[PDB]
Amino acid sequence: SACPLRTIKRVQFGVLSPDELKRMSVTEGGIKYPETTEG
Amino acid sequence: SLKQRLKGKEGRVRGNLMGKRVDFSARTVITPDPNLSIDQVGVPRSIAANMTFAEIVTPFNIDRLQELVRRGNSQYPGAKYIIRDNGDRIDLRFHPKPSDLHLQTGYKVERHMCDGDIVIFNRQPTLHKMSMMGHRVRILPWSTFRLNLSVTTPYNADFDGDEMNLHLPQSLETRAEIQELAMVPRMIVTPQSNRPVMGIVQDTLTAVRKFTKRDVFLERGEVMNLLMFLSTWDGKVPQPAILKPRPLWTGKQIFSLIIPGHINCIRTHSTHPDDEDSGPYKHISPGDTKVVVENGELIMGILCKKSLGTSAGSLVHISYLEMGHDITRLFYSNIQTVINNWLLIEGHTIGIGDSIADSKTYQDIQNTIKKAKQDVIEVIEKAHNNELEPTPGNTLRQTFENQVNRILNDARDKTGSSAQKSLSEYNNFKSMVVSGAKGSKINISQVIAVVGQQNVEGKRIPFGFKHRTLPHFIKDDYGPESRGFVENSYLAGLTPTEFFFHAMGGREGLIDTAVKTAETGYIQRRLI
Amino acid sequence: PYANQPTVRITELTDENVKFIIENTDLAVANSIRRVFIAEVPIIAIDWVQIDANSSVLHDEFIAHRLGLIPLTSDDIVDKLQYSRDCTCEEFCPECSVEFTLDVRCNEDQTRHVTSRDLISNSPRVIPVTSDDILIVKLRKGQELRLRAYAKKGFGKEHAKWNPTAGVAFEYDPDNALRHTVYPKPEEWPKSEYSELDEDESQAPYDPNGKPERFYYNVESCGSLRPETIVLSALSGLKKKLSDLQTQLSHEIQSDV
Amino acid sequence: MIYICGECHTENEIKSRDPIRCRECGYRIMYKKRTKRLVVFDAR
Amino acid sequence: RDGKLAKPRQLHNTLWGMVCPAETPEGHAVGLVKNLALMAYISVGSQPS
Amino acid sequence: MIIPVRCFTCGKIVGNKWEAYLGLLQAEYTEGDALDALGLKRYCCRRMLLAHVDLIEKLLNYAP
Amino acid sequence: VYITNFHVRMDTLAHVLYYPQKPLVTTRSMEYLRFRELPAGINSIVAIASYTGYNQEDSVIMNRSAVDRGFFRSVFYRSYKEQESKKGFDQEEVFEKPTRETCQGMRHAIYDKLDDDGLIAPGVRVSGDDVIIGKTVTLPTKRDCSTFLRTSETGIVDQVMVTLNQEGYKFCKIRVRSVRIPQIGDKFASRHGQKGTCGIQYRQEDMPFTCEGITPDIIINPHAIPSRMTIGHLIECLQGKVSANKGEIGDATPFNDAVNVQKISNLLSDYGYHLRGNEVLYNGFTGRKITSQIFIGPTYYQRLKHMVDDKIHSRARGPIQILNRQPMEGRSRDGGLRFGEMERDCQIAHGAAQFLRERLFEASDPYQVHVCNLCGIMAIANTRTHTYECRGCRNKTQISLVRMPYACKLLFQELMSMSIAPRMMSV
Amino acid sequence: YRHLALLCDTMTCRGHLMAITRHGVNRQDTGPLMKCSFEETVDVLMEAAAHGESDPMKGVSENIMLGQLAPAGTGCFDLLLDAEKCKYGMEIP
Amino acid sequence: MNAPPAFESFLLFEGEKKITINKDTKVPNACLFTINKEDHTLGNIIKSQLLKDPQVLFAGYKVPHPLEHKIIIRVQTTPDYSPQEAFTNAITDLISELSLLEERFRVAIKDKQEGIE
Ligand SMILES: [Mg+2]
Ligand SMILES: [Zn+2]
Ligand SMILES: [Zn+2]
Ligand SMILES: [Zn+2]
Ligand SMILES: [Zn+2]
C-alpha cells in the first residue's frame, strides 16, 4: 500500500533458468511425498 | 492440459480477457412515452432502489447526506452503505441504532439512484456508435423502461416485446466524460453520411402534414390550449390572420412559434408537379407547395418527410448546423407535444371505406386483364407455329418468356395506374402515403386493383410436377394464370391456386432475411 | 361572468333506468357529471374474505373474486357508514362494516348449485339483490364450502366492483348542425333516435355561431341504488368536492402574509 | 402429522420415520392435510 | 440445421396435399421441420405374396 | 369455466341469465330471439352469452 | 384450457384462462379437432383508430373497466420436486423443521410456516424468499439444507403430495397458485399474425363510445394493415358483426366463394348502421363527434404466453464468484448483462475512454497487486506489519503496485507456470 | 468518401494485396500478445519466449487486456498541475 | 410489489398540500395553480368557467403525466384584476349552478309521484 501504484510500459518474454527456479521457490528442498495429507 | 486450459473462445484468452460480465446493469422491456424529452429515460422504482452511486462527503453536502443515511433500505430515497476513510464498509441494514452514525468529511455514502443521474443505454446488437447513447434518469411508477419515440430510429427499436440494457457510471470522471461526449443530443448528425439520424416519426408526421394545410383555422380557446404546451414560449399571443368577422389563427401561424432562432430553408412537398416552375405561379403555387421558411417563420408550404425527416438539408439539419445541439432538443420535444395535443382534437383512423374501390374502376381493371391474357396467348401460339425470331443473344424460350414477361409487366403497370387514378382527399391510405409516414404507392394498388405476378428465384413459377405446376392444369400450359399471375386484390380475396403461389413467393422472401443477419454480422466483426 | 340556469326534464322512469334532458348548460359541465355517475358514487361491496374449508373445484382466490362482484342493496345506509380508514375503531366494527357468512355442504348425489341465496348477513338493510340468483359454484357429493366476509364502502376509482351503473349513454346535437363530426358521404348514416329531420334529409344546415346545448342522458343501474338516487347522489357529491377545495384555497391565499 | 390417502381419502396419522402406506386400502400416495392458520384475501 | 443450401429448404410442388404449405418455424430451422396435412395417411407395410 | 357475473364492457349483470338462456334454447327459440327475450340489446352484452363455453360441468365428473 | 383433468396433473408451468369462448366466425374443419370444446381466446370488440398515440408501432389500448369484469384473466400453476436421499452410509437427509441452535448452515429466514413434517400445509400465502421444505443433513452434528422460492412469486400453496418414487425414496411435490391480471406489458395477438403489447389502459368513462353506449375493448393502429396486407382481418370483423345480430355462427371455410365484402355490407344496413362497418364515434374526453367514421366490430383475440412479470430483472452489486471473482447469479434470479464485443466497439467509436474502463474493470472484478521495480515480477506484501519484500532480488526498498483486473492476474500466474516471466516494467 | 478512402488505403499499404482474413492479419509487424488473442496462443508465444520478444504496449487491445488507459482519445495525453495558478486561486476550505 | 395501491390516486399524504400558488415572472398578472390528487373531472370544469369571464385573457390546464396525479392551471387577467380573484369567483359560480340544478331535478322526479299523464 505504501509502495507507489505505478504503470506498465513493456512486457519482455523469455524462458527462466533452473537457477532462479530453485532460488525463488517456496518449499525448500522440494516436494517429495505424493500424498497430500496424513491426519 | 495447461495449453488446453487457455483455449480460444471460452478458454482464458478469448472468453475472460476482453469480453466479460459486469455489475450495476439492468434489463427489461421498453414502452413508449411521448411526454419525455429526447434525452430522458424512465426507470421503475424497483431497479432504482437497487443500484447505487458512491458520493464523497464534503461540507457542502453533509446535512443532506446524513439525512439520507437516517433512512436506509426502507424509504426509497435512502442509502445502504457507509465507507469511512479506513476502508470500513459498514452496512446500514444491520446497524442497531442509526442516529449514532455521524458522517464526517472524507467519508463516502452509497446513495440510491435518484432523478437526474446519467446512464448508458444500448440495444441487443450494437452496429454503429449511435446504438449506445447517454440518457438521463426520470423515475416512474410501473415496471418498464420508458423512452421517447424519435430516438427509436437510432436504436432501431420497436415496442413488441423488445429489451434494452443500461449501465450506470460509478465514478465521477466517467460521468463527466459520458456527459460531454456521448449524450443523445450530441449525436443528431452522423459522420457516416453527414445527415440527421433522428427525425419526426410515424404518428406525428401524418398529423404535421394535416396541421399545416392551407385551410386549418383555430379558435381562441384551442390556440390557448396549444400554447400551454410550448416550453420555449416568450409569453405573447400573435395577432390572428383573420381579425374579422371573428379572430382565427392558422396552422402555419402557430407552427412558426416552434421554429427556433431565425433560420432559412427552401424545400418541396412530395406532390410538387414538376411543370410548376415553368409557367407562372412559380411563387404562388396553387397546390401550396415549395416550403419556404424565411427568417424563422413558415410562409408557405406543407411539411412532410422531405422537409422534417432524416435527409440532408432538412429543417432539423439546418437547425442543428446553425443554432447548436441544445436547441434542437427543444425543437423535437415541442413539435411532438403540440402536435399530439392537437391530434386528439382532429383524430385519425383507417377502415374499409378507405379500401373500397368504385364501380367504374372494377370494370376497367377487368378489361385490362382480359386483354393482357389475350396477348400472352398470341405469343405462345405464334411460337408453336414457329413464327418467332430470336433476338441477338437470346434463346427462343428467352426471347419467348421475356416477351411474355414484358407484356405481363405492361398489363400490371396499367392496372396499377388505374388503381392510383381513383382516390379521394378524405382517403386514409393516401394520408399515410403522402406524408411519408408509412406505406408505399404500390400497396394501394395491391389492396385495390391487382396483387400482381409471383416468382421464385427471380423467375416465373417453375414446373414442380412433370410439365405442370399443379394437378389442376393440363400439361405445358404457359398462360398467365397457370404460372403465377394473381389477378385479384387482397380485398376480393384469392383463389386456392393463387394462395399457393403467393405462399411460395413469401417463403423465399422469408428465408433471405434469415441468412442476411449472420452473414453481415460476421463480416463486420472481421473487418473491425 | 356568472353561472347558468339549467333546466331538467325527465322522459322515462323505471326501476332500472332514467331518461332525462339537461338544457341550457355548458358541455364541460354536462360531461363532468357523466364521469361521476361512474367513478365517485359510494356503494357497499365485499372486500375481505377468509375461507375455512374449500373442497370445491375452483381454488380459493377464484371464489374470493366471484364474491366481490355481487351487488348488495346500498339504498339508504351508505350515508351512515364511515370509511374504514377514517373510523376510530379497530380493523372492523358494526359502524363501518357488515358481516356475511356462507356454509354449504352437499350430501345428496344430485349436484348442488351454490347461489347467492346463501349469503346470510347480520344487518337486514344490506342483502344481495334478492327480494333469479347469481351462481357462485357447483358442488359434488362430498364437497363443501364455508367462509366469512365483510363488506366495506368505497367508490369506483378504487375498483370496478364499486361502481353502481351499467352503461351510461350520453349524446348531444343529433344532427350535424355544428359539424363537430364530418361525414364523407352523409347518406349512408342512420338517423339518430332524437333527430327532428325529414325522412329524405341527412344533416341540418350548418350554422357557424352555434353552441352545444340540450344534452341527452340515459342512466341504467346494476341493482344497488335506485336509478334516480344515482343522479341525486352524484350532484350532491360533486358539489362537495368543489366546496372542500375552496376551503384549502382561501386557507392558502390567507396565509400568504 | 395427519395424511390423506390418495384413493379412499381416509385420514391416518403417520409417525415420523415410518413407511408410507394407507390402511384399509394399501396405497402409496399421500396428500398432506390443509393447514389451520388462517389467511385473508381481498375481493379486489 | 445451419447449411445454407436452399434446395432442401424451398417448397416443392409435390408437397401438394401431403405436407402443410404455410406452417413452418422461422430462425435457423426454416423448412427443416414440417407438419403433415389433414387427410394425409402414412402406410404401414405388408408382404407381396 | 363459469358464467361471469358482469359484462366486461358495460357492467350489466349477466351471471343470472345462463339457466334461463338454456331453457329458451330448449324449446324452440333461435339464439337471436332468446337473447331478445332476456333484454340484451347491445352487442357487447350478447357476446357474453353467445360465445360462452361451460367447462364447470366437466370438472364435476371427477370424484372429490 | 389445455386438458379437462388439469386438477390432477401436477405439471410444471401450466397456464389456464378463466372464461374461454368459441369463435363467432369458424372454419368448417374445426369440428374435427375439438376447437369448440377446448377453445383458447375471447371475442373482443375491436376498433381500428388512432386515439391518443399510445397504440403506435404495434401496440393496443385496452379498456380498464373490462379487465375488472374478468376480461382475459388467468391463473398460473407451478410445481417443485424434492426427494430425500441417502447418498452415503452416514450422510442422510430427512424432512424436519430446522431449529436454530442445533442446525447451523441456515440463513436469516423465518421457519414458522413449516409444520412438524417440514412441509407447508396448503392454503397459506407464500411470498418471495420463503422456505417451503425443511431438509436437514447429518454432519459426520446436523447441517441443514432447504428449498427457497424464487424471487417475486406471491403465490398461494395449492396442494402438497407425499409418496414414493421409483427407487423407493420418499419424495414430495408442491404446487403454487398465482393469478395474473392483464397489465401494460402483456402480449396479445390476433388470428392473422398481428402481435402487439399493451400500451395503456383507460377506464370506461374515457374510451370513445357509439350513439348507444358501446365502447371498444381494444383499439389498434390503422397503420398495421397497409404494409402487410392482412385483409382477412378486415372481413372477419365485418362477418362477425352480422353473426351477433342474426344469431347464427359464421362460416369462413377458405375458398368457399360464398361470401363477398359487398354481400355482407347489404345485410348490415338493414340492422341500422353505416353499410361498411363504419360507425360514428364520440370523443370520450370532450363529448364532441369525431370527424372521421371509425371501423368497429367483434374479433377473436388470444393471449400469448410471454408476460412481463417474467422478464424484468436488475443487478446492483450482487454476489460474485469465488475463483475468478466475476459477477455471478444469486438467489434473487438476477445476475448481470453481458458486455459483448460489439458493445466494446460502439464505445470506442464514441471516444469514451472512461466509460469503457468502468464497464470492464471497475464494474467487473477490480483488483490490486504489488510488483517489484527492478524486476517485473509480483512481490510479497504483508500489509499488517507493512513489510514489502521482493524475493529473488533481495529488494525491500523500491516495491510498487499495479491496479489490474483479476482475470488478467491468474492469466499471468498460469504463464509463470510454463517458464515464462511476463515483466510489468513501469518505465 | 473518407471511409472508403481510409479502408482502401489501409488495405493496400504494405505493397501487396493482403486480404482481411485469417492469414492476412497473421502477417504484420505486430506484437506477441495480439496474435495470442487469435487461436494460436501457445505456439507463437513459445516461439516468443524462445527468441526473447519484447512488447511496447502501444496498441489498444494490448492495453485493455491489462486494465490500463488505452492510448485512444482521452488517453492520448496526460495532465500536470501547475503551482503558479493555485496562488491567486481563492479558498473556501 | 411494484404496483401502487389504488388509494394513492385520490388520498392525500401527510406532508402534501392540495393547492399551491406561484407567480409567473415572464408576464404581468399571471399565476399558476397546482392542485394535487386531482384529474380531468375538476380541471376541465374550472377552465370553461374562467373563459366566460370578460376580464380573463388566458386560461388552460394540463395533466403533466397520466401516471401521476396532479394538474396545473394558468390564468392571466387584465391589470385591474387579480388571478386569485378570478379563480375564487369561478368556484362560487359553479356551486351556485349545481345547487340550483339539484332543486330543479328533485322537483322533476316528484312531478310524477303518481304521474302527470
Ligand atoms: Mg421488435
Ligand atoms: Zn369498525
Ligand atoms: Zn387408502
Ligand atoms: Zn355490456
Ligand atoms: Zn525484484
# chains A, B, ... in the order shown; residues from 1 in each chain; ligands from 1
$ residues_near_ligand --ligand "ligand 4" --cutoff "10 Å" --atoms "only C-alpha atoms and all ligand atoms" --output "list in words"
residues 166 and 167 of chain C; 6, 7, 8, 9, 10, 11, 12, 13, 14, 40, 41, 42, 43, 44, 45, 46, 47 and 48 of chain F; 66, 213, 214 and 215 of chain G
$ interface_residues --of "chain G" --to "chain F" --cutoff "10 Å" --atoms "only C-alpha atoms" --output "VMD selection string"
chain G and resid 1 4 to 8 17 to 24 36 to 39 42 to 45 63 to 72 203 to 204 212 to 217 241 243 to 249 297 to 298
$ interface_residues --of "chain C" --to "chain D" --cutoff "6 Å" --atoms "only C-alpha atoms" --output "list in words"
residues 47, 48, 49, 50, 64, 65 and 68 of chain C
$ residues_near_ligand --ligand "ligand 5" --cutoff "6 Å" --atoms "only C-alpha atoms and all ligand atoms" --output "ChimeraX atom specification"
/G:372,374-375,390,393,395
$ write_last_selection --atoms "N, CA and C atoms" --output "compact mmCIF listing (two decimals), in the first residue's frame"
# COMPACT_ATOMS: atom_id res chain seq x y z
N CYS G 372 7.42 -5.69 -8.21
CA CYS G 372 8.76 -5.19 -7.97
C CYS G 372 9.15 -4.18 -9.03
N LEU G 374 12.82 -3.27 -10.07
CA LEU G 374 13.90 -3.69 -10.95
C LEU G 374 13.46 -4.86 -11.83
N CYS G 375 12.92 -5.92 -11.22
CA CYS G 375 12.31 -6.98 -12.00
C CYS G 375 10.81 -6.69 -12.13
N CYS G 390 10.65 -8.19 -1.83
CA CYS G 390 10.78 -8.82 -3.13
C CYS G 390 11.80 -9.95 -3.06
N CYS G 393 15.39 -10.90 -5.77
CA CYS G 393 16.26 -9.75 -5.96
C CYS G 393 16.70 -9.12 -4.65
N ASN G 395 15.10 -7.20 -2.80
CA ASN G 395 14.62 -5.83 -2.79
C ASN G 395 13.56 -5.68 -1.71
$ residues_near_ligand --ligand "ligand 3" --cutoff "7 Å" --atoms "only C-alpha atoms and all ligand atoms" --output "VMD selection string"
chain D and resid 5 to 10 22 to 27
$ residues_around --residues "range 33-43 of chain H" --least-positions-apart "5" --cutoff "7 Å" --atoms "only C-alpha atoms" --output "PyMOL selection string"
(chain B and resi 3+8+13-14) or (chain H and resi 62)
$ write_last_selection --atoms "C-alpha atoms" --output "PDB file, in the first residue's frame"
ATOM      1  CA  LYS B   3      -2.249 -25.376 -23.049  1.00  0.00           C
ATOM      2  CA  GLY B   8      -9.797 -19.924 -27.789  1.00  0.00           C
ATOM      3  CA  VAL B  13      -7.536 -15.755 -23.699  1.00  0.00           C
ATOM      4  CA  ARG B  14     -10.737 -15.202 -25.698  1.00  0.00           C
TER       5      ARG B  14
ATOM      6  CA  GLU H  62      -2.881  -4.704 -25.724  1.00  0.00           C
TER       7      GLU H  62
END
$ residues_near_ligand --ligand "ligand 1" --cutoff "10 Å" --atoms "only C-alpha atoms and all ligand atoms" --output "PyMOL selection string"
(chain B and resi 156-163) or (chain G and resi 57-58+196)
$ write_last_selection --atoms "N, CA, C and O atoms" --output "short mmCIF file (atom, residue, chain, number, x, y, z; two decimals), in the first residue's frame"
data_model
loop_
_atom_site.label_atom_id
_atom_site.label_comp_id
_atom_site.auth_asym_id
_atom_site.auth_seq_id
_atom_site.Cartn_x
_atom_site.Cartn_y
_atom_site.Cartn_z
N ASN B 156 -32.93 1.49 -33.66
CA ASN B 156 -33.66 0.55 -34.49
C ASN B 156 -34.60 -0.32 -33.66
O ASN B 156 -34.59 -1.55 -33.77
N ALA B 157 -35.41 0.31 -32.82
CA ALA B 157 -36.25 -0.43 -31.89
C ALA B 157 -37.72 -0.34 -32.29
O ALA B 157 -38.12 0.45 -33.15
N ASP B 158 -38.52 -1.17 -31.63
CA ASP B 158 -39.97 -1.18 -31.78
C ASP B 158 -40.53 -1.87 -30.55
O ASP B 158 -39.87 -2.72 -29.96
N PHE B 159 -41.74 -1.50 -30.17
CA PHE B 159 -42.29 -1.92 -28.89
C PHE B 159 -43.17 -3.16 -29.00
O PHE B 159 -44.32 -3.14 -28.60
N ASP B 160 -42.64 -4.26 -29.52
CA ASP B 160 -43.34 -5.55 -29.44
C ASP B 160 -42.41 -6.54 -28.75
O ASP B 160 -41.75 -7.36 -29.39
N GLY B 161 -42.38 -6.48 -27.43
CA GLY B 161 -41.53 -7.35 -26.64
C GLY B 161 -40.05 -7.21 -26.90
O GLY B 161 -39.35 -8.21 -27.06
N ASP B 162 -39.54 -5.98 -26.94
CA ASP B 162 -38.11 -5.75 -27.06
C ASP B 162 -37.50 -5.54 -25.68
O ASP B 162 -38.20 -5.40 -24.68
N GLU B 163 -36.17 -5.52 -25.63
CA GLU B 163 -35.45 -5.33 -24.37
C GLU B 163 -34.18 -4.54 -24.62
O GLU B 163 -33.57 -4.65 -25.68
N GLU G 57 -47.03 1.83 -33.58
CA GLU G 57 -45.96 0.87 -33.82
C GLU G 57 -46.23 -0.44 -33.07
O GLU G 57 -45.48 -0.86 -32.19
N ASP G 58 -47.34 -1.07 -33.45
CA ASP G 58 -47.73 -2.39 -32.96
C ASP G 58 -47.97 -2.39 -31.44
O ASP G 58 -47.28 -3.06 -30.68
N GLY G 196 -48.73 -7.81 -30.58
CA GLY G 196 -48.50 -6.49 -30.04
C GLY G 196 -48.71 -6.42 -28.55
O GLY G 196 -49.56 -7.12 -28.01
#
$ select_by_dssp --residues "chain I" --states "strand (DSSP E)" --output "list in words"
residues 21, 22, 23, 30, 31, 32, 33, 56, 57, 58, 59, 60, 61, 62, 72, 73, 74, 75, 76 and 77 of chain I
$ write_last_selection --atoms "N, CA and C atoms" --output "compact mmCIF listing (two decimals), in the first residue's frame"
# COMPACT_ATOMS: atom_id res chain seq x y z
N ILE I 21 -49.66 28.03 -4.88
CA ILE I 21 -49.67 29.21 -5.73
C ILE I 21 -48.23 29.55 -6.08
N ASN I 22 -47.99 29.94 -7.33
CA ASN I 22 -46.73 30.52 -7.76
C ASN I 22 -47.01 31.59 -8.79
N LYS I 23 -46.27 32.68 -8.73
CA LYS I 23 -46.46 33.75 -9.69
C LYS I 23 -45.52 33.59 -10.87
N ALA I 30 -49.99 37.21 -14.07
CA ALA I 30 -50.13 35.80 -14.38
C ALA I 30 -49.82 34.98 -13.14
N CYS I 31 -50.49 33.84 -13.03
CA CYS I 31 -50.35 32.98 -11.87
C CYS I 31 -50.46 31.54 -12.34
N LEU I 32 -50.13 30.61 -11.46
CA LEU I 32 -50.01 29.21 -11.85
C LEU I 32 -50.33 28.32 -10.66
N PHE I 33 -51.55 27.78 -10.64
CA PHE I 33 -52.05 26.97 -9.55
C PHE I 33 -51.76 25.50 -9.81
N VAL I 56 -60.64 37.98 -18.32
CA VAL I 56 -59.61 36.95 -18.26
C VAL I 56 -59.00 36.82 -19.65
N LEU I 57 -57.67 36.86 -19.73
CA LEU I 57 -57.01 36.83 -21.03
C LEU I 57 -56.58 35.42 -21.40
N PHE I 58 -56.18 34.62 -20.41
CA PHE I 58 -55.68 33.28 -20.66
C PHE I 58 -56.25 32.33 -19.62
N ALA I 59 -56.45 31.07 -20.02
CA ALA I 59 -56.88 30.03 -19.11
C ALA I 59 -56.70 28.66 -19.75
N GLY I 60 -56.04 27.75 -19.04
CA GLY I 60 -55.81 26.42 -19.56
C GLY I 60 -55.35 25.51 -18.45
N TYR I 61 -55.27 24.22 -18.76
CA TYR I 61 -54.86 23.24 -17.77
C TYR I 61 -54.24 22.04 -18.47
N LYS I 62 -53.39 21.32 -17.75
CA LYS I 62 -52.78 20.12 -18.31
C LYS I 62 -52.47 19.15 -17.19
N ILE I 72 -52.27 21.32 -13.42
CA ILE I 72 -51.72 22.66 -13.40
C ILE I 72 -52.68 23.58 -14.13
N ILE I 73 -52.90 24.77 -13.59
CA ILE I 73 -53.81 25.74 -14.17
C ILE I 73 -53.10 27.07 -14.25
N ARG I 74 -53.19 27.73 -15.40
CA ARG I 74 -52.56 29.02 -15.62
C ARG I 74 -53.63 30.05 -15.94
N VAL I 75 -53.54 31.23 -15.33
CA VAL I 75 -54.52 32.29 -15.52
C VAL I 75 -53.79 33.61 -15.71
N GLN I 76 -54.35 34.47 -16.55
CA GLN I 76 -53.84 35.82 -16.75
C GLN I 76 -55.01 36.76 -16.94
N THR I 77 -55.01 37.88 -16.22
CA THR I 77 -56.14 38.80 -16.22
C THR I 77 -55.67 40.20 -16.57
$ residues_near_ligand --ligand "ligand 2" --cutoff "10 Å" --atoms "only C-alpha atoms and all ligand atoms" --output "list in words"
residues 81, 82, 83, 84, 85, 86, 87, 88, 89, 90, 91, 92, 93, 94, 95, 96, 97, 98 and 152 of chain C
$ residues_around --residues "residue 25 in chain A" --least-positions-apart "6" --cutoff "12 Å" --atoms "only C-alpha atoms" --output "MDAnalysis selection string"
(chainID A and resid 18:19 31) or (chainID G and resid 391:392 417)
$ write_last_selection --atoms "N, CA and C atoms" --output "compact mmCIF listing (two decimals), in the first residue's frame"
# COMPACT_ATOMS: atom_id res chain seq x y z
N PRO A 18 16.74 -22.84 -14.45
CA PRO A 18 16.56 -23.58 -13.19
C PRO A 18 17.19 -22.89 -11.99
N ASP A 19 18.15 -21.99 -12.23
CA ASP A 19 18.78 -21.27 -11.13
C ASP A 19 17.76 -20.48 -10.33
N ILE A 31 9.17 -30.75 -3.12
CA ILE A 31 8.04 -31.61 -2.77
C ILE A 31 8.43 -33.04 -3.08
N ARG G 391 11.33 -11.16 -3.32
CA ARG G 391 12.16 -12.34 -3.32
C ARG G 391 12.82 -12.49 -4.68
N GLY G 392 14.01 -13.07 -4.70
CA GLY G 392 14.78 -13.25 -5.91
C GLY G 392 15.72 -12.11 -6.22
N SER G 417 3.76 -20.47 -14.69
CA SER G 417 3.79 -21.92 -14.54
C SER G 417 4.20 -22.63 -15.83
$ atom_distance --atom1 "CA of residue 439 in chain B" --atom2 "CA of residue 223 in chain G"
8.3 Å
$ atom_distance --atom1 "CA of residue 351 in chain B" --atom2 "CA of residue 224 in chain G"
11.4 Å
$ interface_residues --of "chain G" --to "chain H" --cutoff "6 Å" --atoms "only C-alpha atoms" --output "count of residues only"
4
$ interface_residues --of "chain A" --to "chain H" --cutoff "6 Å" --atoms "only C-alpha atoms" --output "list in words"
residues 10, 11, 12, 13, 14 and 15 of chain A
$ closest_atom_pairs --of "chain G" --to "chain C" --cutoff "6 Å" --atoms "only C-alpha atoms" --output "Markdown table"
| residue | atom | partner | partner_atom | distance |
| --- | --- | --- | --- | --- |
| G:68 | CA | C:160 | CA | 5.7 |
| G:205 | CA | C:35 | CA | 5.8 |
| G:213 | CA | C:169 | CA | 5.1 |
| G:273 | CA | C:190 | CA | 5.9 |
| G:274 | CA | C:189 | CA | 5.0 |
| G:289 | CA | C:181 | CA | 4.6 |
| G:290 | CA | C:181 | CA | 4.7 |
| G:291 | CA | C:181 | CA | 3.6 |
